[PDB]
Structures are given as C-alpha cells and as structure tokens.
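Undergrad: Below you will find the structure I want to go over with you.
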Amino acid sequence: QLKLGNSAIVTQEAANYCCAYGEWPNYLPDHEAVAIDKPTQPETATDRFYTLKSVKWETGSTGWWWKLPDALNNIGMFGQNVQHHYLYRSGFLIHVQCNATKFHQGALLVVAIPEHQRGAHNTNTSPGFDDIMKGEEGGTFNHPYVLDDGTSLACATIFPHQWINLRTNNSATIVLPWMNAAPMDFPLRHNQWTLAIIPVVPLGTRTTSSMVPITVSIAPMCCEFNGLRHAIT
Amino acid sequence: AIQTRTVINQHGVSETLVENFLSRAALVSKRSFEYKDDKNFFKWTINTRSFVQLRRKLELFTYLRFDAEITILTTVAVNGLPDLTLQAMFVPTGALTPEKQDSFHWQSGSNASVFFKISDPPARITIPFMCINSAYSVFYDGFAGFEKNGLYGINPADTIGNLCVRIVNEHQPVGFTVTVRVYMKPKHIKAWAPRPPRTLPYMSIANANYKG
Amino acid sequence: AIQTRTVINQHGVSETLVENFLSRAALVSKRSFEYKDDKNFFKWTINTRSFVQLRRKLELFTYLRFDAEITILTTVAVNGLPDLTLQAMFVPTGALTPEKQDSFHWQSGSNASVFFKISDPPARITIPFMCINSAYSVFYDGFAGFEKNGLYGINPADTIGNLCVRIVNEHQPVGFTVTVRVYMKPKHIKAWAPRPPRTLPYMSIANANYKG
Amino acid sequence: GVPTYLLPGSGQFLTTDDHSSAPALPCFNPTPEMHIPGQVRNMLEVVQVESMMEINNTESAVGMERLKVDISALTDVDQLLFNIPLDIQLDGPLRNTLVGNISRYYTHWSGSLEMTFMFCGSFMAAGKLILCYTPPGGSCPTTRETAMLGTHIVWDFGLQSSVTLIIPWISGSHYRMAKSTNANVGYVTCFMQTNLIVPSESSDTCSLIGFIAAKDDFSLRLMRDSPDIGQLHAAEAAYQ
Amino acid sequence: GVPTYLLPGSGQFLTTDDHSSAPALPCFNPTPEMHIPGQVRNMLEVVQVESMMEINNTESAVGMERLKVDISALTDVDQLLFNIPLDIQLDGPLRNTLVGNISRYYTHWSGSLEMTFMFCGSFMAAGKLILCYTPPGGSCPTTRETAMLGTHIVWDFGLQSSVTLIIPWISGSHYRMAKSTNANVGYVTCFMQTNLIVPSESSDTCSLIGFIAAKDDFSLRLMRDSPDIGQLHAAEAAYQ
Amino acid sequence: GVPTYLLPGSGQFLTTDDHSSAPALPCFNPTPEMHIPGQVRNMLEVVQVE
C-alpha cells in the first residue's frame with residue numbers, strides 16, 4: 001500500500017519501484033541555504049497522491065506525456081501553493097498502473113524524462129505556451145519514435161524508466177529527486193520533469209473493442225516553497 | 001569492398017571519461033568581416049549550437065559545467081599583409097555590446113579585453129563558469145518569461161555572453177577581409193543526466209525541431 | 001519586454017574588495033599624433049579625470065594610494081607598415097617636459113624612458129606612489145596657492161607627472177598617424193573615506209561643476 | 001640554454017590580468033603609510049550604511065520633495081501613501097541610494113536589506129501606519145484590508161519615531177538572450193490606519209523619511225560598468 | 001637573464017593540447033557546485049544501459065514497427081524470425097542503440113555485450129523460441145536443425161518472459177588502406193521451435209522486444225567524430 | 001620544452017632597470033681594489049660638509 005498523507009493507493013502488486021538516478025528526495029540542505037529566504041515545509045498538505053484522469057489505452061494509441069509540476073499546477077493544495085508562491089522545490093513519487101486481464105497484451109514504457117525540451121514537427125518556430133503547458137489533461141505523442149524532439153525511443157531507457165508488460169506486471173513506480181541545476185525553481189515557468197508513457201508493443205485482444213485504462217498518480221515529495229510570512233521587525 | 005578483421009587489445013577506461021570525451025578545441029564560430037571606409041567587426045554570442053558536430057556531442061547530457069577556453073585565430077586577406085592589432089572583448093551578461101568599430105564600449109574598463117596582433121600566436125582566454133545555476137541547462141523544459149512574447153527552451157541563467165572582436169587601428173588605404181576563427185575548448189567538465197543521441201537532422205539552432 | 005527571475009546563489013565577499021573593485025586596466029588616454037616633415041608627439045598629464053567611467057568610480061573615495069601600471073599600446077596608420085621605435089618618457093614633477101620630437105630633454109638620463117617597438121608586445125611600466133602626501137587627494141577642499149591666481153581643488157602634492165611618447169626615428173618619406181592608447185591599472189590600492197556617487201553629469205575635468 | 005616554447009596567448013595584452021611589471025623608478029622610496037581614518041577594504045562596507053529613499057513616487061515632485069511623504073489631516077485613510085518596488089536596478093525609490101548605486105557596478109546581486117522609516121512630525125502628533133511586505137510573485141495590496149493580511153507591521157508614532165524593517169533576501173540580476181528585468185522582488189506599501197492627529201498649534205502636514213541599508217549577507221559579483229554616468233569643457237588640459 | 005631558446009613547435013596552436021591559460025575574469029566567484037543527481041564521470045556508464053534493438057530487419061517497416069517481431073499462429077515454424085548481425089558500425093538492429101551511438105564516436109571498440117529479449121504476448125500465450133549465437137567466421141543458420149547445433153538457448157515463454165543472453169567479446173574497428181568493414185562479429189538468430197499457442201480470447205499476434213547493453217569489459221578508444229549527423233534556419237541569431 | 005609566454009613589457013629597453021647583462025670580456029681580471037682615501041658611499045656625506 002502506498003500511503004502519503006490523506007491519500008492512499010490500495011493494490012496487491014507493489015514494492016518494485018525505481019529510485020530515479022539512485023537519489024531519494026530530501027529537503028534542501030542547511031549548507032545550501034545561501035539562496036532566497038527560508039523554504040517552508042508544509043509536510044501534510046501537498047505530499048499526497050494527486051490521481052490524474054485515466055487515459056484510454058487502445059490499439060491505435062501513440063503515447064502520453066505529462067509535465068511536472070505542470071500537471072499539478074491547478075490541482076488542490078499543490079495547485080493553491082504554486083499559484084500563490086514563486087519558488088518551489090519538490091521531488092515526485094509517480095505510480096502508474098495499467099489494469100488489464102490475462103487476455104490483454106502489450107508493453108508500456110513509463111519513462112521520466114528530465115528537461116524534456118520538445119520540438120515541433122516540420123517547422124522552425126518554437127512550440128508555444130499552450131502546446132507545452134497542457135495541465136492535467138497532458139499530451140499525446142505525435143511522433144513517439146523520436147519522443148517529439150528528434151531523439152530516439154530506443155535509447156530512451158537511459159532515463160529513469162519502468163516497464164509495464166501486461167503479461168508480467170501491471171504497475172510501475174518511479175521516485176524522482178530534485179533534478180535541477182538551481183536549488184529552487186519557478187513552477188509556473190519551468191517543467192522540471194516530464195513523465196511519459198509510450199507503447200512499445202501495442203494493445204491487442206481478439207474480443208469486442210479493445211480498451212484498457214492507465215491511471216497516473218503523482219505525489220509530490222519534500223515540497224518547499226519560499227515565503228507566506230517572515231519576521232520583519 | 002574488402003572486409004578485414006583484427007584482434008583489438010584495449011585495456012583501460014580512461015579515454016571515455018567525460019573530461020576526455022568533451023575537452024576538444026572545436027571550431028565554434030567562423031565568420032569574416034571587411035575592413036574599409038554589426039558593420040566591419042566580429043560579434044558572436046557564445047553558444048555551442050553553431051555547429052552540429054559539437055551540438056550533438058554536448059546534447060548527450062542535460063546539464064554541463066565547464067570553463068570555456070576561447071582561442072581566437074585571426075587571419076587577414078587583402079581585397080602584402082601588414083601587422084594589425086586586434087581587440088577581442090568578452091562582453092558578459094549585463095555589460096553593453098558594441099555596435100560599431102569606434103563605439104565607446106570598446107574602452108570599457110570592466111570588460112575583459114585581450115589585445116593581440118595577427119603576427120603573434122593566437123589569443124586565448126579562459127572564460128570561467130558564467131551561469132548563475134550550478135550547471136548549464138543544455139535542455140530547458142520551460143520558458144524564459146511569463147507569457148510576454150513566448151521563449152521556449154531559452155534559459156535566462158544559461159547565457160555566457162558575447163565575444164566582440166574588432167581591429168584597433170585607424171583606417172588604412174587598402175581594404176582587408178579579416179577571417180576570425182574561434183576555437184572553444186571546454187574544460188573542468190562535469191556532466192549530469194545522459195540523454196538519447198539525436199537521430200534526425202537539426203532544423204534550427206533555437207529549438208529541437210525535426211523534419212522526419 | 002520579457003521579465004525573468006533566477007535563484008542567485010552567491011557566497012563570498014572577495015569580489016567587492018577595493019583591490020578588486022579598482023584594479024582594472026582602463027583606457028585613460030587616447031590621442032593620435034602625426035609623423036611627417038606639442039607638435040607630432042604624444043604628451044599626457046597622468047590623471048584619472050580623462051574618462052568619466054573611471055573618474056566616477058575613483059571619486060567614490062576621498063583618498064587613494066595606488067601604484068599605476070601604465071600600459072602603452074601603439075598602433076600606426078599611413079597617410080605598408082614599417083618597424084618603428086618609440087620612446088615613452090615618464091616626466092615626474094620637477095623634471096622638464098619636451099616641446100618637440102628632437103628636444104634635448106628626451107635624452108635626460110634621470111627620467112624613466114622605455115624604448116619599445118610597434119612590432120613588440122605593448123610597453124608596460126609600474127609608476128610608483130608619486131604623491132608627497134600619504135594618499136592621493138581625489139577631492140581637495142582648498143587652494144594650491146595664497147590668492148595668487150586662484151586654483152581651487154588642485155592639490156600641489158597630488159601630481160603624478162607627464163607621460164611623453166615620441167618616435168625615435170629620423171624623418172621618413174611617407175607620413176604616419178600614430179595612435180597611442182594608454183591603459184592604467186592602479187594596483188596595491190588603499191582607499192579611505194567613501195563618498196556619495198555622483199548623480200549629475202560632469203561639466204569640466206578641472207572641477208566638480210554640475211548643470212542640473 | 002633552457003629549452004622553451006611559446007604558447008597561444010603569448011604577447012597579448014589581457015586587461016584583467018595580474019602580473020608583476022617593471023618599476024619605472026626603482027630605489028624611489030614612496031611617502032610612508034600614515035593612519036588616515038575610515039579606510040574601506042571592501043565595497044560592502046559602503047553598501048551597509050543607511051541612505052535616504054526617494055519615497056514620493058510622483059513625477060511632479062522635483063528635487064528634495066522626492067525624499068519625503070507629506071501626510072496631513074486630509075488624507076482619506078484608505079489611501080496608499082507609498083509603495084516601494086524592491087527593484088534596485090529599475091528606476092524608483094532605490095536607484096539613487098548607496099545600495100542602489102554600488103549594485104549598478106555589479107551584474108548579479110543577492111541578499112537581505114533593511115528599511116528604516118523615521119517620522120518627522122511634531123512631538124504631539126499621533127496616528128498609525130501599517131507598513132507591509134509583499135513577497136515577489138505576490139499581490140501588491142491596494143486596500144488596507146489587503147494590507148493587514150500580509151506580512152505587515154502596525155506602527156503607532158506616539159513616542160515611537162522609527163521602525164527598522166528587515167527585508168529578507170532581495171535578489172536579482174541582468175539578462176540578455178536586453179529587454180529583461182526581474183518583474184518584482186517585492187514591495188513595501190504603507191497605508192493610513194487611523195488619521196494624523198495634531199494639536200492646533202502644530203502644523204497639520206507631517207512628513208516621513210525612509211532609509212535603506214544592506215545586511216551582512218548582501219552580496220555582489222560579476223563587476224560591470226555603471227550606466228549612471230555618460231558622455232567635457234577644458235578637457236585639453238592634459239595634452240597641452 | 002635566463003638563457004632560453006625556442007624549440008620547433010613554439011607558437012603553434014595544437015587543438016588537442018592541455019595547457020593552462022589566462023582567465024578572462026579572475027576574482028570572479030562561480031556559482032558553487034550543487035549536488036545534481038545522475039552525474040556521468042565516464043561514457044561507458046552510458047553504454048552499459050539497456051536500449052531497444054530495431055529487430056525487424058525489413059525495409060517496409062517504418063517507425064515503431066522496427067522495434068518488435070510480431071509472431072502469430074501463422075508463422076511456419078521452420079522460419080527465421082530475426083537475425084541480428086553483431087556489427088555495431090554497420091546499419092541494422094544495433095546502429096540506433098546506446099551501445100551503437102556512443103561506439104560511433106570511437107574508432108576501435110572491443111568488449112562483451114548483453115542481450116535481453118522480453119516477450120510481450122498475453123499471460124496465457126505459450127510457445128518456444130530457440131535463440132542462437134554464431135561466432136564470427138561461422139555459418140549463420142538458415143534452418144532450425146542448424147540452429148540447435150550451435151551455441152543456443154531454447155526459450156519457453158510460459159511464466160518466463162525475458163532472457164538475458166550474454167554475448168562474449170564483440171570487437172571491431174575502422175580501416176583505411178574506406179571500403180572496409182568487419183564482415184561479421186556474429187549473429188543472434190531466432191527460430192520458432194513449437195508454435196504460438198494463444199487462447200481464443202487473446203490476440204493471436206504476439207510481439208517481442210529486444211534489448212542490448214554493454215558489459216564491464218566493453219571498451220572504446222581513438223575518439224573520432226560521429227557521422228550520424230550532417231549539415232540551419234535562424235542560424236544568424238548569434239552574430240546579430 | 002618549457003611552456004612559456006611573453007608578457008606586455010617584453011623586449012623593451014627601460015633605462016632605469018637593474019638586470020644582469022652579458023660581459024663583453026669574460027676571463028678578464030680587472031685591476032684589484034686598492035684602498036684610496038676618502039670614499040663616498042652616500043651623497044648625503046657630501047651635503048653635510050660646510
């Protein structure tokens with residue numbers, strides 16, 4: 001069972017997580033408090049599973065991407081804090097489970113791409129604000145073989161990744177550290193991670209319409225924010 | 001085609017070090033300017049996205065921390081060769097950039113200017129780590145500003161500065177064409193989060209678009 | 001305009017040291033002289049009030065104690081370039097100053113003359129602390145003499161001297177224009193009594209007038 | 001013989017290098033060092049001294065009228081007296097300060113500040129102010145109700161006549177890609193809480209003075225040339 | 001005076017030298033080092049991570065259809081599913097891998113590899129494969145009888161769903177005298193042993209994914225420039 | 001090889017410098033020092049005489 005805060009995920013198959021780049025999340029260290037004034041530690045409001053909407057994984061699907069914290073800038077206590085603060089620092093605990101029967105097949109690649117600067121297909125203009133900031137609804141890979149930035153899907157297992165092969169497992173869990181060059185960063189302006197769930201082997205069953213739902217639960221870990229109140233004398 | 005084979009006998013891993021993989025003095029800028037009568041001087045914004053050989057090699061990593069070692073090789077051609085003196089002024093972020101050969105910014109005492117002749121060994125300065133993050137964001141999944149014009153993939157912290165190169169001399173009778181070749185060698189290199197190598201050809205230098 | 005922000009992560013106070021704040025080789029003098037047929041040589045009275053960038057920066061302090069490090073960069077233009085020899089004679093207070101290229105003061109054995117070519121690296125001398133007070137009075141609330149002509153703000157003790165630069169050669173057929181750029185770097189800097197920075201633009205170099 | 005070879009970078013004049021050079025007059029004894037008071041070893045000692053803010057924010061105020069806020073018995077208590085945008089690099093109440101001027105010789109600047117507001121009415125003059133601090137990326141208050149919901153201080157100027165107001169971690173820098181500023185580092189806004197209460201022999205129009213200094217942790221790096229001056233009669237006095 | 005003399009090789013710019021050089025901005029403190037996760041100190045840490053092979057070997061497959069082998073109930077068991085030529089430098093199932101791309105920055109390359117084949121059918125889908133390894137200079141098998149006479153593994157995908165397949169000492173390099181390759185470093189060939197047995201509610205057409213990574217003893221030397229990219233709109237953005 | 005580089009101020013004749021220089025006649029013994037009366041080591045010994 002994955003219990004963070006008041007939210008809980010009860011499922012039987014668990015405990016095979018992916019500590020991303022070997023680093024578990026933590027708070028900002030005390031010898032690096034040379035940056036902006038004291039980071040708060042809410043510790044109960046925002047460290048909880050924000051379960052996103054299920055996505056219909058079908059045969060013709062290409063992939064899904066959510067950018068973090070852009071997926072959570074409108075949702076709840078993390079969304080209230082982001083739109084009132086200006087700096088944040090948080091790791092994430094992603095739980096992606098794809099519930100199918102023993103007659104469905106297919107493989108997902110639940111990868112978490114740091115600093116996924118997207119490109120647009122066949123133009124020389126940078127992608128706009130609404131092409132990248134999608135919110136909770138996320139996106140869909142127009143070209144999943146190149147991960148929409150000219151790279152390769154084949155080499156995308158260099159990142160923190162987990163495999164949902166419906167023959168073997170239905171869930172995946174990635175635990176993301178604070179992966180950034182700056183100690184704290186600006187949530188409404190920079191998408192510090194990018195969760196991406198790409199098919200490699202598409203879904204297939206012989207019976208009626210084939211459809212499986214994928215559920216994404218993104219819990220922020222070790223949230224810090226700068227401000228709210230300070231002793232001015 | 002012939003098809004040979006040979007017993008390879010390698011032992012050691014020190015050549016694939018990221019210090020050894022990236023510290024190569026690659027050509028990062030090559031444009032000429034005339035010298036007669038940004039007109040008639042050299043101005044270049046220091047970036048690694050100018051040549052796709054070093055661009056793809058450095059876009060294997062997400063973050064990079066390196067001191068540049070800018071070597072300026074200056075050759076001159078006449079439209080005989082005299083001895084000319086050049087000023088090569090590194091303009092950091094915040095300092096103002098020249099617009100002419102004879103502007104009042106070439107005499108700024110706070111910029112790092114190097115004065116070198118053509119008949120000397122090439123000039124070489126070590127630009128330090130200039131970012132105000134702890135690493136250069138090679139890929140930046142975000143925007144520079146808040147909805148003002150739209151600048152995707154542009155980190156405000158990442159900026160090295162400009163390298164502005166002119167000819168110190170007064171105007172001479174014959175006209176010259178001055179080719180400036182800039183050789184950056186990154187050094188003291190730390191590198192984080194390796195990425196997939198790019199498969200498709202580059203379209204622009206501002207973004208990561210692809211033609212397919 | 002876009003409007004960005006970035007987490008600045010500075011730690012250390014060693015860059016705002018007055019040794020680091022002022023020891024920059026700033027351009028203090030830039031005039032040319034012809035060479036044909038103070039006529040046809042370079043004469044400059046060593047002061048920091050020639051360019052308002054270094055003038056305002058050094059007028060933050062009342063007293064200053066520094067060794068100058070005068071770098072002379074000499075470039076020549078023809079009205080091909082030969083190899084010319086230059087003499088750059090620092091004339092202290094008390095020693096007599098030249099009035100011609102061929103005067104009998106350029107051969108004074110007590111002055112500090114440096115002989116340098118154009119085809120060399122630039123000449124550089126370290127002028128010591130030349131004042132007969134313990135510090136250079138940047139601001140002098142007083143007069144030089146007793147009611148004789150009226151000289152306000154001129155300290156008699158403060159005088160560095162003159163830097164007199166000529167061309168050692170005999171007269172040649174073609175005419176030259178010789179641009180002399182002087183780069184002073186103050187060093188071993190002690191500074192007393194900080195002052196408000198100047199807000200209004202300078203009117204003269206002799207005094208502290210203001211237009212408002 | 002000593003076998004040498006020249007490197008790229010030989011015979012160049014780099015302006016920001018630190019090499020020894022040949023003394024023009026050796027065996028010249030300089031004037032000995034004498035104890036002159038008030039030596040500055042570090043420019044942050046200049047920045048940490050108080051200096052008056054031009055807290056008036058109006059264009060019609062000329063000269064010394066920038067330095068004060070005139071409050072009186074006709075002030076409509078819901079009125080904002082002054083807001084101080086905490087941008088040092090931008091024009092405003094902080095551009096003409098010691099923390100303002102010395103930070104324009106540096107590109108990146110980061111640290112705490114410190115405001116002091118001295119009330120300069122008569123001894124009998126009572127009243128209140130409610131000084132605020134909005135963090136950057138927050139909402140600058142327009143009403144007094146929005147003012148008392150932030151990090152604020154309610155200041156009665158009875159016997160009290162000055163408030164030291166510690167501001168935490170004002171940072172900022174310059175950017176090129178200029179057309180780039182910091183958009184906010186905060187505000188200090190002041191609202192009339194009660195009224196200005198004067199006796200009938202005192203003048204009704206009292207005034208404030210605002211000060212600002214830096215703290216121990218204010219820091220500066222990447223020195224540049226300040227644009228506050230820009231270009232001289234009798235400039236030929238050196239070359240003649 | 002110190003008596004010196006210049007050597008041949010004085011005043012040359014050799015691009016691959018390691019000399020100190022003059023700092024443009026001394027007494028400039030850089031931004032301090034901060035612990036960023038996932039540091040790479042050595043490029044062989046990149047190569048030793050798994051990456052999908054384009055095991056389809058057909059020209060008609062476009063895009064993501066390169067990455068899988070679709071096996072079904074109509075497969076004629078004597079058929080070769082895939083052969084993987086173990087040439088990294090040549091085009092094929094290994095050119096677009098992490099071991100493939102980083103070895104194209106180096107001339108001579110030598111070490112063991114490691115293949116992982118994940119079966120991605122339904123849970124009920126049974127069957128067998130017989131994966132082989134032909135050493136270089138051997139005969140690549142065309143029949144299943146020739147397959148079971150080599151270094152092979154018989155893989156039932158019942159509860160088992162992945163096979164780690166250690167490949168010993170794949171080496172190779174570039175040659176000039178180009179018109180020169182390595183001609184073989186081996187093959188990994190897969191044959192249907194039994195059939196694909198699915199239940200009637202599962203889809204009959206199941207798929208494989210193949211992975212490849214390097215081992216501890218994979219090595220690279222004589223760095224060169226990779227030909228995988230070759231030459232830009234708005235390229236004038238630096239010089240204007 | 002010893003990696004060197006030239007500084008600004010290389011190859012200049014500054015008249016008031018104190019460097020060693022190449023002797024024109026080495027292995028030439030000068031005339032030995034002989035005690036001559038009234039040596040002046042310092043010009044202030046000249047000034048302090050009436």
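Residue numbering restarts at 1 in every chain; chains get A, B, ... in the order shown in the structure tokens, and ligands count up from 1 in that same order.
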Using DSSP on the backbone, list every residue of chain F that comes out as helix (DSSP H, G or I), and give them as a VMD selection string.
TA: chain F and resid 44 to 47
Undergrad: Residues of stretch 8-176 of chain D in strand (DSSP E) according to DSSP, as a PyMOL selection string?
TA: chain D and resi 13-14+22-23+39-40+51-52+68-71+80-85+106-119+126-133+151-156+162-172
Undergrad: Got time to write the residues from that selection, C-alpha atoms, as a compact mmCIF listing (two decimals), in the first residue's frame?
TA:
```
# COMPACT_ATOMS: atom_id res chain seq x y z
CA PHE D 13 47.59 42.38 -23.50
CA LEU D 14 44.71 40.99 -21.48
CA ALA D 22 58.94 46.64 -14.34
CA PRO D 23 59.09 49.61 -11.94
CA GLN D 39 39.62 53.05 5.47
CA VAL D 40 37.42 50.93 3.23
CA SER D 51 20.77 56.18 2.79
CA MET D 52 17.53 58.01 2.13
CA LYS D 68 9.58 62.55 1.94
CA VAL D 69 5.91 61.60 2.20
CA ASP D 70 3.79 64.51 3.42
CA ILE D 71 0.85 63.19 5.45
CA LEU D 80 -1.83 54.17 -0.21
CA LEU D 81 0.86 56.58 0.95
CA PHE D 82 3.76 54.95 -0.84
CA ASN D 83 4.76 51.66 -2.39
CA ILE D 84 8.46 50.88 -2.72
CA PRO D 85 9.20 48.42 -5.54
CA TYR D 106 27.78 44.60 -10.41
CA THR D 107 25.61 42.30 -12.50
CA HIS D 108 24.34 39.67 -10.08
CA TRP D 109 23.27 40.88 -6.64
CA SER D 110 21.66 38.94 -3.82
CA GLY D 111 20.97 39.49 -0.14
CA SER D 112 18.82 40.88 2.62
CA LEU D 113 18.05 44.56 3.02
CA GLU D 114 16.89 46.77 5.89
CA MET D 115 14.47 49.70 5.86
CA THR D 116 14.20 52.44 8.48
CA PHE D 117 11.26 54.85 8.45
CA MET D 118 11.64 57.96 10.60
CA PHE D 119 8.54 60.03 11.31
CA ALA D 126 -0.16 60.79 16.92
CA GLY D 127 -1.52 58.35 14.38
CA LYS D 128 -0.81 54.98 12.85
CA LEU D 129 0.71 53.49 9.73
CA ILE D 130 0.52 49.90 8.54
CA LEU D 131 3.72 49.08 6.64
CA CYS D 132 3.62 45.91 4.56
CA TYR D 133 5.89 43.49 2.75
CA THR D 151 3.49 40.34 6.37
CA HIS D 152 2.89 43.72 7.94
CA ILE D 153 3.63 45.93 10.93
CA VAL D 154 1.20 48.36 12.57
CA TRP D 155 3.19 51.42 13.56
CA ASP D 156 1.90 53.95 16.06
CA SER D 162 11.44 54.95 13.81
CA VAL D 163 10.88 51.38 12.59
CA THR D 164 13.67 49.08 11.48
CA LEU D 165 12.08 46.78 8.89
CA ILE D 166 14.20 43.76 7.94
CA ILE D 167 13.54 42.62 4.36
CA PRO D 168 14.57 39.01 3.63
CA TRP D 169 16.60 38.08 0.53
CA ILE D 170 16.16 40.59 -2.24
CA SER D 171 17.97 39.14 -5.26
CA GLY D 172 18.22 39.96 -8.93
```
Undergrad: Which residues come within 8 Å of residue C:190, counting only C-alpha atoms, excluding same-chain residues fewer than 6 positions away, as a PDB file with N, CA and C atoms, in the first residue's frame?
TA:
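Just written: result-v4.pdb:
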```pdb
ATOM      1  N   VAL C  18      38.280  46.425  -2.500  1.00  0.00           N
ATOM      2  CA  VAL C  18      38.694  47.630  -3.199  1.00  0.00           C
ATOM      3  C   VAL C  18      39.928  47.361  -4.052  1.00  0.00           C
ATOM      4  N   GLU C  19      40.718  46.350  -3.686  1.00  0.00           N
ATOM      5  CA  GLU C  19      41.728  45.824  -4.592  1.00  0.00           C
ATOM      6  C   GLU C  19      41.093  45.283  -5.867  1.00  0.00           C
ATOM      7  N   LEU C  64      43.197  57.915  -1.983  1.00  0.00           N
ATOM      8  CA  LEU C  64      43.552  56.703  -2.706  1.00  0.00           C
ATOM      9  C   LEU C  64      45.063  56.599  -2.761  1.00  0.00           C
ATOM     10  N   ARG C  65      45.590  55.411  -2.507  1.00  0.00           N
ATOM     11  CA  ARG C  65      47.020  55.146  -2.578  1.00  0.00           C
ATOM     12  C   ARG C  65      47.226  53.986  -3.539  1.00  0.00           C
ATOM     13  N   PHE C  66      47.784  54.254  -4.715  1.00  0.00           N
ATOM     14  CA  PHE C  66      47.947  53.188  -5.692  1.00  0.00           C
ATOM     15  C   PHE C  66      49.187  53.404  -6.546  1.00  0.00           C
TER      16      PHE C  66
ATOM     17  N   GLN D  39      39.214  53.823   6.637  1.00  0.00           N
ATOM     18  CA  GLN D  39      39.622  53.053   5.472  1.00  0.00           C
ATOM     19  C   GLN D  39      38.539  52.062   5.083  1.00  0.00           C
ATOM     20  N   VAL D  40      38.291  51.952   3.782  1.00  0.00           N
ATOM     21  CA  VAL D  40      37.418  50.928   3.228  1.00  0.00           C
ATOM     22  C   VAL D  40      38.285  49.850   2.604  1.00  0.00           C
ATOM     23  N   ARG D  41      38.145  48.622   3.093  1.00  0.00           N
ATOM     24  CA  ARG D  41      38.810  47.482   2.483  1.00  0.00           C
ATOM     25  C   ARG D  41      37.903  46.718   1.537  1.00  0.00           C
TER      26      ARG D  41
END
```
Undergrad: Identify every residue of chain C that has at least one atom within 7 Å of any atom of chain A, counting only C-alpha atoms, and report the result as a PyMOL selection string.
TA: chain C and resi 7-9+11
Undergrad: Since we have the selection now, will you write its residues out, keeping C-alpha atoms, as a tab-separated table (two decimals), in the first residue's frame?
TA:
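File produced: part_29.tsv:
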```
chain	number	residue	atom	x	y	z
C	7	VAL	CA	17.78	31.93	-7.91
C	8	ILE	CA	21.08	33.72	-7.34
C	9	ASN	CA	23.46	31.57	-5.29
C	11	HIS	CA	28.62	33.15	-1.36
```
Undergrad: Near stretch 147-153 of chain B, counting only C-alpha atoms, which residues have an atom at most 12 Å away, once you skip same-chain residues fewer than 2 positions from it, shown as a VMD selection string?
TA: (chain A and resid 115 to 120 125 to 133 149 188 to 191) or (chain B and resid 137 to 145 155 to 158 205 to 209) or (chain C and resid 1 to 4) or (chain D and resid 177 179 to 180 183)
Undergrad: Quick check: residues of chain F within 9 Å of chain E, only C-alpha atoms, returned as number ranges by chain.
TA: F: 1, 3, 19-22
Undergrad: Counting only C-alpha atoms, which residues of chain C come no farther than 6 Å from chain F, as a PyMOL selection string?
TA: chain C and resi 112-116+121-124
Undergrad: Tell me which protein, DNA and RNA residues are within 6 Å of residue C:32, counting only C-alpha atoms, leaving out same-chain ones fewer than 3 positions away, and put them as a PyMOL selection string.
TA: chain C and resi 178-180
Undergrad: Could those residues be written to a file, using N, CA, C and O atoms, as a PDB file, in the first residue's frame?
TA:
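Output below, filename out.pdb:
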```pdb
ATOM      1  N   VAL C 178      49.986  58.088 -35.681  1.00  0.00           N
ATOM      2  CA  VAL C 178      50.350  57.144 -34.635  1.00  0.00           C
ATOM      3  C   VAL C 178      49.361  57.296 -33.494  1.00  0.00           C
ATOM      4  O   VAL C 178      49.395  58.290 -32.762  1.00  0.00           O
ATOM      5  N   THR C 179      48.489  56.313 -33.327  1.00  0.00           N
ATOM      6  CA  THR C 179      47.509  56.342 -32.253  1.00  0.00           C
ATOM      7  C   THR C 179      48.127  55.705 -31.018  1.00  0.00           C
ATOM      8  O   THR C 179      48.606  54.570 -31.078  1.00  0.00           O
ATOM      9  N   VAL C 180      48.121  56.431 -29.908  1.00  0.00           N
ATOM     10  CA  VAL C 180      48.672  55.946 -28.652  1.00  0.00           C
ATOM     11  C   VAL C 180      47.523  55.756 -27.679  1.00  0.00           C
ATOM     12  O   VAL C 180      46.785  56.703 -27.385  1.00  0.00           O
TER      13      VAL C 180
END
```
Undergrad: Tell me as a list in words which residues belonging to chain B come within 8 Å of chain C, counting only C-alpha atoms.
TA: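 Close enough to count are residues 80, 81, 82, 83, 85, 107, 108, 109, 110, 132, 133, 144, 145, 146, 148, 149, 156, 157, 168, 169, 170, 171, 172 and 173 of chain B.
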Undergrad: To one decimal in Å, tell me the separation between atom CA of residue A:136 and atom CA of residue A:73.
TA: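 Separation between atom CA of residue A:136 and atom CA of residue A:73: 8.2 Å.
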